[PDB]
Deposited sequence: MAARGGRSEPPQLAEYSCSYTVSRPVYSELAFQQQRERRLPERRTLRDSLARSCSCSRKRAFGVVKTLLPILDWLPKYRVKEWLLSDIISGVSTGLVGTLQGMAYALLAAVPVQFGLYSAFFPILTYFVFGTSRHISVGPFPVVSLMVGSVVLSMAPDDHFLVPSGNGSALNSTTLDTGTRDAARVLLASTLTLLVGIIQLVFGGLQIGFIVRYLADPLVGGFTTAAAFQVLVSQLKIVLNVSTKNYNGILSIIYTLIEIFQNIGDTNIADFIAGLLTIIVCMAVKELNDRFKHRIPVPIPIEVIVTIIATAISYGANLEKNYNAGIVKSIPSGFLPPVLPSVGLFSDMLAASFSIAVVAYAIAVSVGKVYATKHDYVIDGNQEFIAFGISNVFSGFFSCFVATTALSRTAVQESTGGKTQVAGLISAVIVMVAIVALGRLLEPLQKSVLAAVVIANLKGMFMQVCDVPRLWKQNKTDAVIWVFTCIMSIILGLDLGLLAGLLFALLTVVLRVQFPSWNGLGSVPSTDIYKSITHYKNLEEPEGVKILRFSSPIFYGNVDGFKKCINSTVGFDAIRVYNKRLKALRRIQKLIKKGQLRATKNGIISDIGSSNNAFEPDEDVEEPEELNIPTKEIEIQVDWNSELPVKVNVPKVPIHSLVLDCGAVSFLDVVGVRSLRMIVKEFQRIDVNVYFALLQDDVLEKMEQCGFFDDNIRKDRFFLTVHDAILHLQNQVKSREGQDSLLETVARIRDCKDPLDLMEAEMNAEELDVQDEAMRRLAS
């Protein structure tokens, strides 16, 4: 209605005197640690309830109706879990037997420590690729050749099919433990802000570029070509050229059968997603395409007749726990930090999506402990890093899921897939398992459709997407993530180093000040020039502030004072023989400043001192309380630069100048 106020001009001291401050809280280091560490039994029950979330949803279960919905989702997710679990094992260069272990043991551990209800912990295509990247680098194929077979001229150094996998499993187990330990450090030290640096364009471009490396890696299994497992700079680029050079040594039985299930699985997935209003339960195309593949491959001897590529290496049994090979963490610490941060990023990403739909809150630090113990327990049973795939997550959710009981039932299907089931999957072609992974790449391949949308939005965030996408292609995949985090943080520094400074003016007959580069009918005070400077001054943008002040006043505070003394020497000699016109004051509207960075405040006092020699006052308008208290501690208020130079609002600074000129001509 009517916005009218009437108060005196409290600049800095007319308001600080009659306003009593609040005494700050004392540190009291002796008692601070005592009050923090609680001794009551209620705190002991609270830390156990959070650490073990199973004690919350289990007592209040709904066995009446939940048991019917969990038994149907467990057998549905179990069949998809035992297939996607063994399919993702090829991305880690590990035998297909250890892929099923990643779908049974991590579920058992993510039952008494997990804080989610609609998350199916298991393998992941992008995560398994980063695991397989360090296996090929630290244990290539040309490192296990054995001379045996009485060759023609030289020693017969045939392939090492057999004991070669033993070094790959132990290497992947050491990586699994080191990833789990890092996740426990994040949960133990209660540091969760380290994963906030993974922005949406950063994680979006990373998963998009990772889909290309997954497509190239899986295409090698489909085409049945033998590459040289290149790694380093241009890893995906070099291996893509080698694939085109070895096209002649392909297998038509694998390409035709591999491309067939690609079109079938993609069509059924697209048909079921579009016509969702008529069929609520998604058709398990992953399961029906595998059962029919093993049946056809069992009739005709695809291994002998067509010389196809089958598994024929499933022993159908468990294995004793193997202690991790401690001592190889020096050459894997750099890559483990990249795998441990993407396993948690996707865990929270998929978790929060299915959290607002079921209306339940997911703890942040608890997921670090949940997946931390999961990866550690998985390392003792020859498993790789566990995560939650978005496709497998939607299986137990769309079919009907309430708690992790359905996930435990999903582990029973994998349980029988280790002892009894597995012999029937012997003649299954490797191209079939290498095709269900490519079908799930549609979600990440369609993520490129955001670049035209992000360009119309904030352009700096669109560059981060393209930067992370290209950098995670040239210099590997794990190194590209670290190059994306540094580039994303650098973009934040570049946005605060080059602020958006304006020529703030006054709206007639009011007190609201708007920029002069946006509005025309604005009147500036006679002589006074207002300047606003966002992105608080630090050591890097303190030089830009000088160029900012020199551009809004028209002159330079240094060159003007130098020309004054250059002409002053003519005055002291003429008696022996015989610019700064418009700028009267400078009101700095530093209202968007948060910190000081005393390294830069030393030049801030110099600005007030330089303009003081040329009779130009430098006033302040909207300095906050947390900043003014910081200027006093940094040695700014001397005998000449008093607090009266500062003001509370922007209009008080202009009103103080108009009253000073009227009272003093």
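- The deposited sequence has C-alpha coordinates everywhere except the stretches 1 to 17, 596 to 650, 738 to 780.
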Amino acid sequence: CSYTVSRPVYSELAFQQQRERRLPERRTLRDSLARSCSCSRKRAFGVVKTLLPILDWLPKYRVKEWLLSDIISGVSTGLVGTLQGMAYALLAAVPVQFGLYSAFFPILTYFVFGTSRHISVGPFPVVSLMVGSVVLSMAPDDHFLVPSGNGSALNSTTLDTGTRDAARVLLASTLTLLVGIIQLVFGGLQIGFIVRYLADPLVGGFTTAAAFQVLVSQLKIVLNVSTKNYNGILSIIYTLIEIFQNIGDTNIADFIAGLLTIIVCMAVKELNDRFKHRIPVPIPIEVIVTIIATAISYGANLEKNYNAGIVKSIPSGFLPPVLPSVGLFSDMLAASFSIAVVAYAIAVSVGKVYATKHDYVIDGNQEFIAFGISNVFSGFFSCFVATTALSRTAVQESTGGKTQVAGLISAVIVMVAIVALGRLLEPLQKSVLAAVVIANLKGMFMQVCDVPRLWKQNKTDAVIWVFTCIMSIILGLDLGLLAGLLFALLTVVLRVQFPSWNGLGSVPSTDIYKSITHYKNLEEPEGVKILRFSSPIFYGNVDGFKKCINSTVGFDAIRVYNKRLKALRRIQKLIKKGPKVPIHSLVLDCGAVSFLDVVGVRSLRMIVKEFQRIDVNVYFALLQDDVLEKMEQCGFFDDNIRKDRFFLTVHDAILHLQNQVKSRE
From here on, numbers count along this sequence of modelled residues.
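Take the two forms, superpose them, and find the largest set of C-alpha atoms that agree within 1.5 Å; that set is the rigid core.
- Larger root-mean-square CA separation from the shown form, computed after a rigid core fit of the structures in 4 other deposited structures of this protein, is seen for 158 to 166 when 158 to 166 is set against 589 to 597.
- Averaged as a root mean square over residues and superposed structures in 4 other deposited structures of this protein, CA distances to the shown form are larger in 564 to 572; the pair compared was 256 to 264 and 564 to 572 with a core fit.
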